[PDB]
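Top line first, the protein sequences correspond to chains G and U.
If you're matching positions, the first sequence starts at 4 in my numbering and goes up one per residue.
If you're matching positions, the second sequence starts at 3 in my numbering and goes up one per residue.
Think of the CB as a built atom: it goes at the ideal place given N, C-alpha and C, for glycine as much as any other residue.
The block underneath contains the structure these notes are about, expressed in structure tokens.
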Amino acid sequence: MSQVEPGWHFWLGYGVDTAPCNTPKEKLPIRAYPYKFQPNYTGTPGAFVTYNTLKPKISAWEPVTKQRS
Amino acid sequence: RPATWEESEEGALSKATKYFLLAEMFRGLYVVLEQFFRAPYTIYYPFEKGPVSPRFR
């Protein structure tokens with residue numbers, strides 16, 4: 004069921020009477036980016052790998068040395 | 003007050019027939035059988051989805 008594109012996932016489910024085939028142009032979302040449909044990739048190498056979008060809060064000192072002149 | 007076996011508007015043989023022939027039990031059997039000839043409610047899920055609303059979370 005993850006292979007069912009959104010819009011149809013709602014039409015299939017009795018949410019909207021009109022399919023995204025027959026929807027008006029104005030009800031469609033405006034996208035400035037290319038649409039990429041990707042189903043669920045669990046159990047595969049394409050499973051989502053979570054991570055921290057941040058870096059460590061405390062930055063350490065990069066040691067640099069000085070001579071006793 | 004409770005009703006005794008006297009003060010009964012039902013003869014002994016009639017209620018004994020209902021006792022030995024299992025009247026209500028055959029009636030329940032028939033009410034179950036009537037459902038055998040009615041439309042099953044089952045939706046085939048991966049191919050037909052259930053009802054979803056705009057409010058769904």
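Where the alpha helix (DSSP H) containing residue i begins and where it ends
i, result
"U/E8", "Premise fails: U/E8 is in no alpha helix (DSSP H) and is neither H nor E."
"G/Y54", "First-last for G/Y54: undefined, no H or E at that position."
DSSP-derived helix/strand/coil call for residue i
i, result
"G/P9", "coil"
"U/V33", "helix"
"U/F58", "coil"
"U/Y21", "helix"
Under 8 Å between C-beta atoms of residue i and residue j
i, j, result
"G/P23", "G/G10", "yes"
"G/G18", "U/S55", "yes"
"G/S5", "G/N55", "no"
Whole-angstrom distance between residue j and residue i, CA atom to CA atom
i, j, result
"G/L31", "G/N25", "11 Å"
"U/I45", "G/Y38", "32 Å"
"U/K20", "U/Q37", "24 Å"
is_contact[residue i, chain U] using C-beta, thresh 8 Å
i, result
"G/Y44", "no"
"G/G18", "yes"
"G/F40", "no"
Chain G within 8 Å of residue i, Cβ atoms only
i, result
"U/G52", "yes"
"U/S16", "no"
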